[PDB]
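Summary of structural features
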Amino acid sequence: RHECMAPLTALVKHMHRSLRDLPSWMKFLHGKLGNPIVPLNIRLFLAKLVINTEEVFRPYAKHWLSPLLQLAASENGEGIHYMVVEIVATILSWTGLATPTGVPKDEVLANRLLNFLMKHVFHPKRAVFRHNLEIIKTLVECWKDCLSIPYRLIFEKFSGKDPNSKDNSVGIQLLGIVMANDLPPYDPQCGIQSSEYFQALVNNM
């Protein structure tokens, strides 16, 4: 809870009230954020400020998302996954008002964050884990454009070593949640085998 910057939020609110690029000392911030070469502390400061004041620069999300998007990628000290979930929720606070489809880079970074989340979608508390579950639910039900189901590693995270343990069921749950949308059940070019990829399902059942 690094908090020594509330007057920055106050002045941002005042500038919004006292006053499609809007360089109200803003494009300077966008440039200093777009480069992924800066100590992570400054990234944390700007992340807190945008998390507090996204509503000010609402008619600029179509350019705001991409530097934030690459900031989310490779995000490596007060708990990294915390700020990860808040920034992804804030960047998903809109659905059609801004979307990651204009450049190949946005789909690339969307795939990267997908990989990170699905390799890290678990918590023993089973409620914040469920919280992650509706996070994936919301993102898959909103975007459907930059999304690219891997079908390779998800195979073994639902299948596993075939134990009696209740470990891989998270994979089955995430498959069901993402398949609540109209996504294809299985891409033959993905998952390599694409045939016994469901045999693992029947063994798990």
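Thresholds, definitions, all that
Residues numbered from 1 in each chain as written, not as in the entry; some residues may be left out. Part of a larger assembly, values for the part shown. Heavy atoms only, no water. Residues with missing side-chain atoms left out of burial classes, pairs and counts. Helix = DSSP H or I, 4+ residues; strand = E, 2+ residues; numbered from the N terminus. Expected span 1.5 Å × (residues − 1). Buried < 20%, exposed > 50% of the residue type's maximum accessible area, 1.4 Å probe, protein only. Contact = heavy atoms within 4.5 Å. Salt bridge = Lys/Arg side-chain N within 4 Å of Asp/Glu carboxyl O. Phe/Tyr/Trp six-rings, centres within 6.5 Å; stacked < 30°, edge-to-face > 60°. Axes fitted to C-alpha atoms, helices over the stretch in contact; angles between N-to-C directions. Parallel < 35°, antiparallel > 145°, perpendicular 65-115°, else oblique. Left-handed = near helix turned anticlockwise from the far one by under 90°. Nonpolar A, V, L, I, M, F, W, Y, C, P; charged D, E, K, R; others polar.

Deposited coordinates in this entry are attributed by the record to cryo-EM, at a stated resolution of 4.25 Å.

As for the overall build of the protein chain
Along the protein chain, the regular secondary structure elements total ten helices and zero strands. Each helix (α) and strand (β) of the protein chain, taken in turn from the N terminus, gives the series α-α-α-α-α-α-α-α-α-α.

What about helix α7 (residues 128–142)?
Between its first and last C-alpha atoms α7 spans 21 Å; for 15 residues at 1.5 Å apiece the expected length is 21 Å, and the two agree. Among the residues of α7, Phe129, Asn132, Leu133, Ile136, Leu139, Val140 and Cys142 are the ones counted as buried. Those residues of α7 hidden inside the fold are in contact with α6 (104–119) and α9 (169–179). Once α7 finishes, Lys144 follows within two positions and takes phi at roughly 55°, a positive value.

Some thoughts on the pattern of salt bridges
The full count for this structure, using the stated rule, is three salt bridges. With a shortest N-O distance of 2.7 Å, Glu3 and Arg1 are connected by a salt bridge. Given the relative accessible area of 48%, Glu3 is considered partly exposed. Assessed through its relative accessible area of 77%, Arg1 is described here as exposed.

Overview of the packing of aromatic side chains
Following the criterion strictly, the structure yields eight aromatic pairs and no others. Residues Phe122 and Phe129 carry aromatic rings whose centres are separated by 6.4 Å and whose planes lie at 55° to one another, so their mutual orientation is tilted. Assessed through its relative accessible area of 53%, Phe122 is described here as exposed. Given the relative accessible area of 12%, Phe129 is considered buried.

Thoughts on the side chain of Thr53
Its location among the elements puts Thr53 in helix α3 (residues 40–53). Judged by relative accessible area, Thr53 falls into the buried class, the value being 2%. For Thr53, the residues in contact, after removing those within four places along its chain, are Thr9, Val12 and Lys13.

Considerations on the environment of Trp143
Structurally, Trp143 is set in the loop between α7 and α8 (153–159). Judged by relative accessible area, which is 13%, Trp143 ranks as buried. Counting along the chain gives 21 residues from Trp143 to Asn164, while the straight-line C-alpha distance between them is 36 Å. In contact with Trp143, other than residues within four places in its own chain, are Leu92, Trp94, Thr95, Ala98, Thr99 and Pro100.

Notes on the packing of α7 against α9
Viewed as axis vectors pointing N to C, α7 and α9 meet at an angle of 30°, and their least axial separation amounts to 9 Å. Overall, the two elements α7 and α9 adopt an arrangement that is roughly parallel. Of the two possible hands of crossing, α7 and α9 adopt the one that is right-handed. Where α7 abuts α9, its residues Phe129, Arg130, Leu133, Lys137 and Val140 lie against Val170, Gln173, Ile177 and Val178. Considered class by class, the residues forming the contact of α7 with α9 number six nonpolar, one polar and two charged.

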